[PDB]
Amino acid sequence: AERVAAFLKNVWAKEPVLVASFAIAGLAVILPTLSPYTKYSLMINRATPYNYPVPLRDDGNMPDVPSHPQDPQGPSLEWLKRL
Amino acid sequence: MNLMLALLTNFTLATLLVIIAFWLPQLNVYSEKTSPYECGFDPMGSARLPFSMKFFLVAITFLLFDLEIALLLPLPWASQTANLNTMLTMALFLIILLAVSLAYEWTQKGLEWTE
Amino acid sequence: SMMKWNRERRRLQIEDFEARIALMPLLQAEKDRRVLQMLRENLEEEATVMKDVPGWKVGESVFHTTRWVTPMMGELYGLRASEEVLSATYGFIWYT
Amino acid sequence: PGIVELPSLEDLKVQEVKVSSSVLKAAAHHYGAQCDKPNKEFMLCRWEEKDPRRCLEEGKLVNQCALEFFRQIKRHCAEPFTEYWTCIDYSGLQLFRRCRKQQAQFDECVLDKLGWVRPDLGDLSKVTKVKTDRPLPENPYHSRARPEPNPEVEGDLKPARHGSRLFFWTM
Amino acid sequence: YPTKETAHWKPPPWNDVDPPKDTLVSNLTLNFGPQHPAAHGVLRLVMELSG
Amino acid sequence: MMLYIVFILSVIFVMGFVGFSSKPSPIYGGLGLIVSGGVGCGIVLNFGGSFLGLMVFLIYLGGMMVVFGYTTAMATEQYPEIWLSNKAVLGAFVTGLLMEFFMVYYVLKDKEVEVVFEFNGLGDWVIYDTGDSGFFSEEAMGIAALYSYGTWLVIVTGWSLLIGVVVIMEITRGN
Amino acid sequence: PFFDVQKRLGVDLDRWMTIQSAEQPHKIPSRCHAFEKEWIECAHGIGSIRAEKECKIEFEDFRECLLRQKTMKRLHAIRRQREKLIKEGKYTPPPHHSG
Amino acid sequence: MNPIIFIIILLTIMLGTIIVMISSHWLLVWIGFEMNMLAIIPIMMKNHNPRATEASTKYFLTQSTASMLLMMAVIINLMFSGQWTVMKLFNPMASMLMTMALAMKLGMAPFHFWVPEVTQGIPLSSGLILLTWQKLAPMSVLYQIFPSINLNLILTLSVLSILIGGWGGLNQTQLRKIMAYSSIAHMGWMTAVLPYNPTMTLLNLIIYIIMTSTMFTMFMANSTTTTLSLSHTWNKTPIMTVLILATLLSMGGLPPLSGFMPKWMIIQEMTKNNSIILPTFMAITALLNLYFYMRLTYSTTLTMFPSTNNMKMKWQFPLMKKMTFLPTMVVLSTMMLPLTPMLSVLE
Amino acid sequence: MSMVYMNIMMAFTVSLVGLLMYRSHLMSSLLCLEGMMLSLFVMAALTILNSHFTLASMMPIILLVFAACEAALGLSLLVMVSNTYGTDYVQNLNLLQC
Ligand SMILES: CCCCCCCCCCCCCCCCCC(=O)OC[C@H](COP(=O)([O-])OCC(O)COP(=O)([O-])OC[C@@H](COC(=O)CCCCCCCCCCCCCCCCC)OC(=O)CCCCCCCCCCCCCCCCC)OC(=O)CCCCCCCCCCCCCCCCC
Ligand SMILES: CCCCCCCCCCCCCCCCCC(=O)OC[C@H](COP(=O)(O)OCCN)OC(=O)CCCCCCCCCCCCCCCCC
Ligand SMILES: CCCCCCCCCCCCCCCCCC(=O)OC[C@H](COP(=O)(O)OCCN)OC(=O)CCCCCCCCCCCCCCCCC
């Protein structure tokens, strides 16, 4: 822990630009794997309706599919309105 | 239509200014006046002789790195995908390899101009 | 601040896209009639222009299938004036 | 080969909805909540039939329901709606953000005089189910009969008869 | 099979290395002054430049 | 007419090619390839790809800027050749334009021409699609899929560019 | 492929971009999606020798959609005939075809 | 060159070839060739002398032109079929360009002028890659597009290759130029049987690689690059001259050696397809190859050419060259005819 | 096959004929290789953009990436040719005889 601290001080004294570069890049690779908010970025992208939501023909056996847009069934974006 | 008319106007104004420059003034042309400029003494050789490029290696590397901007510029659109884990992995992989290329040339004295 | 405002911007985008999704059934219905009306007008005019050609069959399909094939720009605006053809082809790309 | 069949101009005649894009966008959220069934019926027909000629009748009920929707706004909410879509019409991008105060006045009139509740965020993008008596198309692509597959080769795998039979080789 | 065309052909070097060509480096000669801002007015510095 | 803008740009595209294909001084050849790159961007940009058109122009503007520096160092002579100074250069330049003229002359007169393939002279606008897209650019959505769909393409191109830097240093080392 | 490492390993390296009727971003369809699908489904598992003759109808429609050779010839004849009639004052264009 | 960089560049050459063999998409096939050319050239420039610079430049110019024609074929094939799959091409013009692009890469006649010169200008080890490994990728593509290849075009290139390769090899005293013209002639046999039975193309390629790799390994052991340099081998390594004799006789197609198998199987497939005039012409023209292999045996093993005094100093040192797989390759290149029915594993 | 494809395919043929007829400069021939890549890029982009082949839209970009590698590689060889003879003339590249 003494010899490694010598290396860090030496580079911090001679290549401060590179020390900042590697430190910045290290955070880019590490933080996403740890942030609890990374999963919401995936959900927001999936929740953006670029295409038309083509309706499903009702065969009478689709209880989890809403009949009207304002029905309780179907995915909800309540989480997004608070995120 | 608008863009083309905007371009025509800009280069028409530029052209008309040049035309006025050559036809409005009084001219007195003779040989010594139009000789090449070399601080007062006649140039010793032709300006068309070879001119060594000491940063030739860095210029070739610019061709390879200038193609990374083509691959990197789609990132704002790439971030809109539902495959963020894959997209972020390949975005960082592509940038990192671009950095390893810089590190290799830097360490091998590739960015130093030839003597 | 930047990530809080961008998050609000994503919700304003979903609202904007849902406005389109509410209108698309009306826009699609209008577009279908508009395309069919134009094709018929070309068919009523191909008959008069091509009445004397020996082997011509008015309205013949170039395809073996009887499936609906989306008309391309030439078929839809084959005989119309160049002014409307110019806007239907390069109108979007040129609108700046 | 064959003649392309087209509807007559009388089959395509219908009362158009002559309102600008700013009018439609101002009423889109309420329009998609009230006129859902005829809309989703027509939109199921297009994706199943894949032919605009097979959904003209459904396409007219979209127009009929949109007109009745605006007639109800014209009877009760005429003034608040006009202010709302005038302010949306002003922006180049027709942004909703810049007309919240005018949107509130339009939303409260319909809520009281018509009972219309604005859909929440994400409601109109839901995939919904529609009941229809129109039969499911059987051959929407007008495909021919697929060629018969090659006779499959199956059975016990015995050793090569007399080996490779390559010239003078015994094995 | 010798012919007239291949009469002046000679076998390549035993190690594939041809002699380097006679030095033809063409340095660029430039008058740096006298009429030059950094020449202090009356200096004619004739410089051989490579790049 | 502006309905033939794509065709008119493609004629300049060929003329630029005859500019550097006749091979004058690479200084003037580089200019010819810039003109072709500029009009080539225009042609692609009129088919719905703005990123592709602007990108190829951007890449070739930097490509010919390095070529320009290499021309003043290693591809220069006392009298750089222009399209008129040499019979071989002039001969190939006039020949290229004449063939372009005849092809352009026949296609606009007969509305057809048969050279290897069969070409149609009605106009490029007759093949465009009559339907609109949604709220996105199809070209932009396809290019942005390189990172979600093109995982294998990103690896090979990324490795190729890396090795490209290693190779050029090896070739130019000289020892 | 000469060596089919993809198929055995179950990894999709480049098959996702081989045809235009495959899955696309945001389910954006190609202009000739139906024609390509029909030709691909007709000629599946029967070899190219048979498909070259038994799925000739689908492949000719597919090529018609791709390059529109027959449609442009048909448009050329109608346009050419209309000019001949107009050049000799024998046909009056309608208003909706002029303005 | 740094040993680690040499290894990395070597693996990049293989990766390019492997990408071509596993690719089912045309774009990836093109990427494979581009990666292969990018990595091969630095191995040609390794010794950094003017002849190696010329060889690399001629190689780059030829390969770059071929890759342009191959991309033109892919795009034309895209316009007429709307798909990128690596299978039979759907346009005759696309087939001709792709066939010619693959002919330029292989060095078939009349696109052969670079092969004799590039091989002469690079070391023996680099030449071995050029004439053995660089043939795998183009042959991989021909194997998959042969149904659409014009029969006249492919058979014309094969016949010209067998003729030019045989004639060109007669007027040569440089071993690298002898091996170069021998390679062109053997390409003809591979592509002549391609329309009839692609399996026999693989057999001839495998046997050609083994024999060719054996010759370069033995030339590499003694650092011999000329006929006369090889003529001193009997006075240093007598065993090596016997192995050269057996391998050269095998390359000439003489039974009972291994190299007779590819000719024997290629004649069988062509005669089954009622092709009689061509196999007979090909076999007879191949006697040109056997003549300048016999001329190498005469000056190498069957006679004893004059020596030089300093040769006595070389008797006191062993061979330190690696000579990897040479004992195995020489046996496979001479005694495999009894195992000929094993060609079925290639199917 | 519209009238635009004629000019684009003619551009490729002009650059191909330009590449196969050397005058003196190796740099003049390198420009013809970069010219051919430009034609292929335009021809591929047109076909892909017109057919709404969404995923193929990245192919033209991947075509430019490997055109730069070749262009850079060709320039690197041109440096070494120039360093050996003082010019980029192709007639000096004749030490090796066929
Ligand atoms: C056994 C089974 C037999 C089966 C028979 C069937 C036929 C197959 C056998 C073919 C025979 C091949 C071997 C020929 C003899 C090699 C020549 C020799 O003796 O070495 C001297 C010679 C070097 O001597 P030098 O010139 O004095 O010094 C060179 C440097 O300057 C020196 O600089 P340095 O001092 O810094 O050192 C550099 C470093 C460099 O070290 C190396 O050489 C290692 C090279 C990398 C090989 C890695 C193994 C491959 C597998 C790796 C796994 C991943 C592969 C995929 C990669 C992509 C994925 C990321 O060290 C060396 O040079 C080591 C000496 C060379 C030993 C080579 C041993 C490997 C060759 C055999 C395997 C074949 C590899 C594929 C060919 C590569 C094509 C480019 O070796 C070579 O350079 C030639 C390399 C081989 C090229 C020809 C290979 C044959 C191509 C045909 C393909 C055959 C297979 C497919 C068809 C047949 C099967 C159906
Ligand atoms: C999971 C995916 C992410 C990981 C990707 C893997 C690749 C990582 C590397 C990508 C960037 C490429 C450059 C990496 C090499 C660093 C540059 C280098 O080669 O340095 C060599 C250096 C030469 O310099 P020299 O002439 O010898 O003089 C100084 C001597 N001390 O000689 C030296 O002395 C260097 C001494 C060693 C330097 C170590 C550098 C490590 C860099 C990575 C650190 C990242 C973590 C730091 C941040 C933590 C988070 C905040
Ligand atoms: C020069 C460039 C480099 C500069 C240095 C980089 C900065 C220092 C590195 C640490 C900080 C990185 C994150 C950057 C700031 C994140 C945004 C922020 O700070 O705001 C806090 C925000 C509050 O929550 P929010 O929901 O937005 O509340 C209002 C919503 N309307 O919070 C959020 O909304 C999101 C919460 C996640 C925050 C990300 C960090 C957590 C990562 C997991 C824990 C690991 C921490 C690192 C420890 C391991 C590494 C050593």
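The numbering of chain D matches Swiss-Prot: 2-172, in order.
Structure method, as recorded: electron microscopy, 2.5 Å.
In case you wondered, yes, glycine gets a Cβ from its N, Cα and C as well.
The domain 'CHCH 1' annotation in Swiss-Prot covers D:33-74. Per-class residue totals from DSSP over the domain 'CHCH 1' (D:33-74), listed helix then strand then coil: 39 helix, 0 strand, 3 coil.
Annotation source Swiss-Prot lists motif 'Cx9C motif 1' at D:36-46.
For D:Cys36 (disulfide bond), the same-chain residues lying six or more positions away in sequence with a CB closer than 8 A to its CB are D:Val63, D:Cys66, D:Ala67, D:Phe70. For D:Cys36-D:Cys66 (among others), the entry in Swiss-Prot reads disulfide bond, with the evidence type sequence analysis.
Here D:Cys56 (disulfide bond) comes close to D:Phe43, D:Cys46, D:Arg47, D:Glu50: these same-chain residues lie at least six apart in sequence, with C-beta atoms under 8 angstroms from its C-beta. The disulfide bond feature in Swiss-Prot is assigned to D:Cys46-D:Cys56 (among others); the stated evidence is sequence analysis.
Swiss-Prot lists D:56-66 with the feature motif 'Cx9C motif 2', giving sequence analysis as the kind of evidence.
Positions annotated as domain 'CHCH 2' by Swiss-Prot: D:75-118. Here the domain 'CHCH 2' (D:75-118) has, by DSSP, the following mix of helix, strand and coil residues: 33 helix, 0 strand, 11 coil.
Long-range contacts of the motif 'Cx9C motif 3' (D:78-88) within its own chain (CB-CB distance under 8 A, at least 6 residues past either end) are made by residues 23-24, 26-28, 99-100, 103-104, 106-107, 109-111, 114-115. Annotation source Swiss-Prot lists motif 'Cx9C motif 3' at D:78-88, citing sequence analysis.
Listed in sequence order, the residues of the same chain lying 6 or more apart from D:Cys78 (disulfide bond) and placing their CB within less than 8 Å of its CB are D:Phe107, D:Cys110, D:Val111, D:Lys114, D:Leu115. Taken from Swiss-Prot, the feature disulfide bond applies to D:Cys78-D:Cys110 (among others).
Under the heading disulfide bond, Swiss-Prot lists D:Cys88-D:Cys100 (among others), citing sequence analysis as support. Over all protein chains present, the Cβ of D:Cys100 (disulfide bond) has 22 other Cβ atoms lying within 10 Å.
Swiss-Prot lists D:100-110 with the feature motif 'Cx9C motif 4'.
Positions annotated as region 'Disordered' by Swiss-Prot: D:133-159. Note on the region 'Disordered' (D:133-159): residues 42, 45-46, 49-52 of its chain, located 6 or more positions outside it, place their CB under 8 angstroms from a CB of the stretch.
Residues annotated as compositional bias 'Basic and acidic residues' in Swiss-Prot: D:146-159.
Long-range Cβ contacts of the domain 'CHCH 2' (D:75-118) within its own chain (Cβ-Cβ under 8 Å, at least 6 residues beyond either end) map to 21-24, 26-28, 31, 34-35.
In terms of DSSP helix, strand and coil, the region 'Disordered' (D:133-159) has 0 helix, 0 strand, 27 coil. Within the same chain, residues at least six positions away from D:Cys88 (disulfide bond) with a Cβ under 8 Å of its Cβ are D:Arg99, D:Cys100, D:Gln103. For D:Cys110 (disulfide bond), the Cβ neighbour count at a 10 Å cut-off comes to 19, with all displayed protein chains included.
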